[PDB]
Amino acid sequence: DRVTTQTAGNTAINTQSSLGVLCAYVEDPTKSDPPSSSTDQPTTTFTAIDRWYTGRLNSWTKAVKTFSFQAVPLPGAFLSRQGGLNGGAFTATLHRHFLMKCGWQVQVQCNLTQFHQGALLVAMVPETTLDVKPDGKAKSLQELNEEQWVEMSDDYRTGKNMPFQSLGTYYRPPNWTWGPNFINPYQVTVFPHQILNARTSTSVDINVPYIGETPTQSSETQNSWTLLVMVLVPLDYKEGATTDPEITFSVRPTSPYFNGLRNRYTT
Amino acid sequence: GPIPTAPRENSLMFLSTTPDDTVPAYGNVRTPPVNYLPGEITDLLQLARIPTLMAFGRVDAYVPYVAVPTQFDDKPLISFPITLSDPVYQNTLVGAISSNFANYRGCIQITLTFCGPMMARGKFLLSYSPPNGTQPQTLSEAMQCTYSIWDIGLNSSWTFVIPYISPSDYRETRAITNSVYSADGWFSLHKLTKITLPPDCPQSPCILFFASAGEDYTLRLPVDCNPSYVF
Amino acid sequence: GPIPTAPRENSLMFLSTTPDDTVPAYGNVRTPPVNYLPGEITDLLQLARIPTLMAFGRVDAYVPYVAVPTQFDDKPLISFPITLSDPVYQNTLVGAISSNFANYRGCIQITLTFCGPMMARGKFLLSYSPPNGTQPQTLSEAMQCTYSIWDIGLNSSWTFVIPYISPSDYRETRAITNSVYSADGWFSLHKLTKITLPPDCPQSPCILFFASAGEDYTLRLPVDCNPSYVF
Amino acid sequence: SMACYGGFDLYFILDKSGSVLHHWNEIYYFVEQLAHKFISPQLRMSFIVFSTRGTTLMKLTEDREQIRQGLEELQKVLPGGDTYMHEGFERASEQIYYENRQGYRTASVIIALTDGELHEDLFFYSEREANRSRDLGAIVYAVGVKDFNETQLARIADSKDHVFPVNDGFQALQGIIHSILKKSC
Amino acid sequence: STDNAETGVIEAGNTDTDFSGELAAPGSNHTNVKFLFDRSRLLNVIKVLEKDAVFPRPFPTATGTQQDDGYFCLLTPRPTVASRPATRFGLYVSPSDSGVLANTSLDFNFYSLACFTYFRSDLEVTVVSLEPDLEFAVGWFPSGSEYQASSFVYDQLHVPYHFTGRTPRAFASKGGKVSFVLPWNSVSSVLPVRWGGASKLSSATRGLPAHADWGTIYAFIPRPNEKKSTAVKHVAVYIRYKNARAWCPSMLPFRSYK
Amino acid sequence: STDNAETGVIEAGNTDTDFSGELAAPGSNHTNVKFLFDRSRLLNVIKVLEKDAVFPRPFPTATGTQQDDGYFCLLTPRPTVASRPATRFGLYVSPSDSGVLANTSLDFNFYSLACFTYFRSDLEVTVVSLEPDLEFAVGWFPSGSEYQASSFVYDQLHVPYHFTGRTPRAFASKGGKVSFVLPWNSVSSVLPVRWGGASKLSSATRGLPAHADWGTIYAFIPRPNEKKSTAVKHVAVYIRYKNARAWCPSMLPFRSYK
Amino acid sequence: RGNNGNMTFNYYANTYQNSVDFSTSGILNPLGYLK
Amino acid sequence: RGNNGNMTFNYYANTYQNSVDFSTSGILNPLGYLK
Ligand SMILES: [Mg+2]
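Residue numbers (PDB author numbering), protein chains in the order written: chain B, 12 to 278; chain C, 1 to 59, 67 to 238; chain C', 1 to 59, 67 to 238; chain R, 36 to 220; chain A, 1 to 258; chain A', 1 to 258; chain D, 14 to 38, 63 to 72; chain D', 14 to 38, 63 to 72. A prime marks a further copy of an entry chain.
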């Protein structure tokens, strides 16, 4: 029934309100051939990275409005340790390989009692720059603590605040009004998603394959998927219930292919 | 020798959508293969069928759900005309693919979800009226139309499939025209019995609305899109 | 009678590389036969595979070899980026055929030759680093990359075949672009153990470098060449 | 000048960037406190905003119903966007040059506000437009909301003497704006 | 019917599921991706070269650089600026005459239906003149090549180096047009409509693909540089996506409510 | 791997020879000789004749010879001077007005890839005008013939003898071009890109082939000599090497390091 | 087949007209599979 | 075959189009054979 234990390596996770594993775009997103843009032998999966990586995520209060998202880039959260999410021996291999080609398998846990209401929209959103400030630089761990939840403003709906290049003193700087890495917040359900309602489930299960513009992408500079927890209905409860339920997530890379070995990445 | 031809009146005309090829310039280019990419959109009706959120003006900060008050009133809790130019359909994938076309045909599928607490029990009447001279507001005026009663329980979604009742085989997807009480009629969510909540549960739960396309929703005649998303 | 045609928008256009013939003018000319000439180039990749000399700035008088000093230092004896626009590749047949193209694909083959005396014994480490943020200089930073140790003995040549490690299937043959620490990385010749010469032998022998193409080096997309050889 | 000014104006060139999103409730309090203090009909004031489009939110007017209608609009302005402070100055430069063609020796005063300081490609034009507005005959004051380089506003204002923090700003501009009112006609 | 939308998959029903009804007949296949992008539309109005150009130097371009702007058309549906690919699209609202107004472009008909992430297609380029009786020529260079910017003196006439080359320079007849289909020549396997990675280039910026383009065309007039005219002549570049494939569904742009 | 480069033959290895690797798939055949020279490129900008010419007399030409220079285009990738084949290529750096500036030519796109010694091909000649609305004509005479230089009076109009002949005089329509493919007509079996022998001719000079050419074209205007215009009109000669064969590998030119 | 009414006759070959991929060695399926 | 996409139809004959040699009576081979 609704009791699915997903054993992987030396780390298994249970759930007793499982809606089902939302496999994305294919029947089995684990099946994946090697990259065709390498003339060396890839470092395939091995039993020390074939496991789940639980890391926390900011609490979900009543102060959060509608559509306030919270983006967790993959593999970009392994590398900056976003939400206490130490990558283990996966990040110890991701820093030492130039190209990496994996498909993810995430699971977001948030335990609501039957007297709470609310609905997170968890989705694996491909190719977005939501972790990056409208000023280029990526967000550090302090800036993820200084806001706790990114409000869906007009700059995110229009894509006005995606990072740009400085045109220099020569060109008159144009009035930027649009950029293609917007979020249309009403159409995030086109992505591989499940809704974490406060009355059906406590754990959503998304399983996505590797997508990307090249048959394998760079290891440091890829953001081909982005976990995206969006509030559709705000949390509401009466005074006495468990305030601020925590949100966690659990990321497992299915069938990686590491190509291009070198020493540990020094900027 | 010379084949005696006779070129037509449309000689040396550049027509933008000529169903035909043209001369290559820089051919014999083997492109790198895309056998690795999953999820190919063969047809853009694979995305109208994916249900996306609607946008209702609260009682540019709009809300995808309907807050359900505890006060009795014999008018629909939310009501919106079934027209894919209506602003509760601008940011669905149904109403934003179809606004880039000229005709449509088939069944809009309005999916609901009761995002309240698990301990809530209630019922909702869901009436689609065809175009009448007056929008039906009373529950007894909407009991007579195409309705269906949705009981809140364990499973928390209901997919009211709006029928395609129209004389013409393909309805116009954009009713920006000299307007009346708009065909194709009105959807309306009536609360039948009030939502009975146990003590220490939040008042006013939320019915999250979706809007997908049916298994027979078909589009026709591309038109030039509105470029006003960029200003 | 007349076949009714419809000439296109590119009528009476002279395109320089149209993959097609044209009208003869002065035909039926039997040419004298060239059955006697040997060595026909069927393909210009029969000449990238022939190893030609490189050119290193000495410690327009450049030198095809690397003079090997007797002084210990933990930096590479010579190091040059694997980019076929780099000026240690202008006058090879690999880098001067490929600079007249736009893409390449495959394995550059760097052949060495120890042109010192026969009584010299030594070893050389030969590291190809992929593009890192910093060029590796220490022997321990270049031991970790793709290396191979070359022992000087009876046979006096070593063909270090540089792998084709790149995301894109065809690398750009000309990196004249807003530049960084250049892909595709760096070749580097480290002396591992010092060259031990018997008495009355010349100090500082010479490692003559070559640069050929592999058995899978393939070129694509001709471009207009730089005519600056003539000024 | 020893000759008194026939007119006297005031320009609230206000930032509505993404950086002032947590500080617009403090910038709006600063503007209303200077509008509802100077109620003289000699002084006209105009409300210019900028994030990406430099937009004149209220023209150079003096009708205190219109200015109240102007201040009821500034309370409901959503911050967000880049910081094009040069296009804040171009809307004032279209109004100084339009009011230098009346025969009235007026006096243009410009008040600037910024949290998020400008990139090099944007500071080059805002320093250029502030040089343009002084050549049109303005007095540029640069009021600073929270942490800001004075040097990045030293070029924009007249000098380092004309750059003020926002907590000291109404304390500064109480008599600084009032000093030219007695100087005027 | 009774369903669970938290599951993430809602099966597309019909009228017969809840009620008494019937299936409507399938109308047409005009939503086919290979059918719907295979039609021409305007991309960018570019000026026509009249001498040997200077290609726009990469950003941040400083003042004083004598270069030629608004002549090269980076053939891409993604937003460009100054003939180089960009992320944001910027239009000048009140373009005052301080600084060089950078020629931006975008494919307005594409993004309103670009409900996908990756998109690969051939490209038919038709270059319609916007000048009465203009005899122009349409040079081109692929994704990953650069412009050959000098002149060689033939017969005391500075004929530039963009008359010849190994890339197609189609010459137009007077009063005519230029139309030719370009193959997929970029090094990436597909073109990212939306890209989230970082291009390790001249200083790295998130969300900016490096080789998401079909090339760059430019229009020149086939006369040497001594026969230079005075007035500025424009040309308009239409574009058709032959044999389009699209992957990985995504969002459509936010239509506002004001 | 262990090898001997003194042997003179080094076998072209792969990654799998020394390391663990694999063969990359073969990309394309654009290095094929028959593919790579079979594309058009500019050869020489020549003036257009307006009367019966005087062909350039052979070297050393003394002063006072009233001849017509810069009208004949000796169709050869090798360097020419004054419509006759030469060895060295000379361009005037500061051309002061003492003496007649000799029209030199060279095929810049050929020698940068002429990594061979002998080269035989047919020749497609396209003669593009460099003048608005020019009705010209492209005469020709093979390798080893001479120009017929006089005029015959038809109807009190000095019609020259280069209007007729047994060799192709293609007439262009107004605003049009002339394109025709010439066969290999030289008496040598191949054309020497590099030649080391001596031509036993008018005084013998090493390194100068006598019949390494496809002929000589010249442009004239189809009017008699009484209808002579005043201004000088140019025409540009493009050339394509159809069905190219090449023998005996050799060097590519020295790219400098300054 | 696309927006192509030329069912009869292709003059140029398939490699010159289109751009085929090189080798590495109706029914609208869903884009998400609940398993 | 060269830079020739006309796989279908040659109008002119082979002697008129090309220039064949008169009679006297893939695998890239190396240009130097060590023996
Ligand atoms: Mg700011």
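All C-beta atoms in this analysis are idealised placements derived from N, C-alpha and C, irrespective of residue type, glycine included.
Residue burial is scored here from C-beta neighbours: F152 of chain A' has fewer than 16 other C-beta atoms within 10 angstroms and is therefore classed as exposed.
Taking all protein chains shown into account, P142 of chain A has 16 or more neighbouring C-beta atoms within 10 Å of its C-beta and is therefore buried.
Against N172 of chain B, the close residues of chain R are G53, in the order they occur along the chain (beta-carbon pairs closer than 7 Å). At a C-beta separation below 8 Å, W184 of chain A has these neighbours in chain C: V29, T31. Put simply, the backbone Cα of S52 of chain R is about 17 Å away from that of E125 of chain R. From the listed residues A':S189, A':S121, A':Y71, A':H211, the smallest Cα separation to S199 of chain A' is found for A':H211. In the displayed model, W115 of chain B falls within coil according to three-state DSSP, outside both helix and strand.
From the beta-carbon of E38 of chain B, the residues of chain D found nearer than 7 Å are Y70. For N185 of chain A, same chain residues with a beta-carbon under 6 Å away, outside a window of 5 residues either side, are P142, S143 in chain order.
Within the region 80–100 of chain A, the residues whose Cβ lies closer than 8 Å to any Cβ of chain R are, in chain order, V93, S94, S96, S98, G99. In its chain, beyond the 5 residues on either side, no residue has a beta carbon closer than 6 Å to the beta carbon of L161 of chain C. Non-local beta-carbon contacts of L47 of chain C in its own chain, meaning distances under 8 Å to residues more than five positions away in sequence, involve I41, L100, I104 in chain order. The criterion of a C-beta distance shorter than 8 Å is satisfied by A182 of chain C' and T90 of chain C'. Taking a Cβ-Cβ cut-off of 8 Å, the neighbours of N103 of chain A' in chain A comprise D155, given in sequence order.
In this structure, ligand 1 has a non-hydrogen atom nearer than 7 Å to the beta-carbon of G53 of chain R. Under the Cβ distance rule, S32 of chain D' counts among the residues neighbouring chain A', one pair being separated by less than 8 Å. Ranked by how close their Cα comes to the Cα of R169 of chain A, the residues C':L12, C':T17, C':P7 have C':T17 in first place. A distance criterion of 7 Å places the beta-carbon of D107 of chain A' beyond contact range of ligand 1, judged by its closest non-hydrogen atom. Residue-level contact check: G63 of chain D' does not touch chain D, since none of the beta carbons of chain D fall below 8 Å from its beta carbon. In the structure shown, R167 of chain R falls within a helical segment according to DSSP collapsed to helix, strand and coil. For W236 of chain B, no alpha helix (DSSP H) segment is defined; the enclosing uninterrupted segment is the beta strand (DSSP E) at 236–247. About 6 Å separates the beta carbons of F56 of chain C and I85 of chain C, which is inside the 8 Å limit, making them a contact pair.
Taking 8 Å as the upper bound on Cβ-Cβ separation, chain A lies near no residue of the region 163–174 of chain C'. Selection A:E50, A:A244, A:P95, A:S105 evaluated against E226 of chain A yields A:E50 as nearest (Cα-Cα). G139 of chain A' is bridged by DSSP to A':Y218. Under the Cβ criterion (8 Å, minimum of three pairs), the region 102–112 of chain B does not count as touching the region 177–187 of chain B. Under the DSSP assignment, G87 of chain B falls in the alpha helix (DSSP H) whose first and last residues are 87–91. When 7 Å is used as the limit between beta carbons, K242 of chain A' is near no residue of chain A, the shortest such separation being about 16 Å. Collapsing the DSSP output to three states places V199 of chain B in a helix. With 16 or more neighbouring CB atoms inside 10 Å of its own CB, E148 of chain C' falls in the buried class. Only exposed fits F57 of chain B, as fewer than 16 other CB atoms lie within 10 angstroms of its CB. Taking CB atoms only, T42 of chain C has a neighbour in chain D less than 8 Å away.
Residues of the region 97–110 of chain B with a C-beta less than 9 Å from any C-beta of chain C': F109, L110, listed in chain order. When A':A114, A':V237, A':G196, A':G175 are compared, the shortest CA-CA separation from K34 of chain A' is found for A':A114. At least one heavy atom of ligand 1 sits closer than 7 Å to the Cβ of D150 of chain R. In this structure, the C-beta of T87 of chain R stays at least 7 Å away from each heavy atom of ligand 1.
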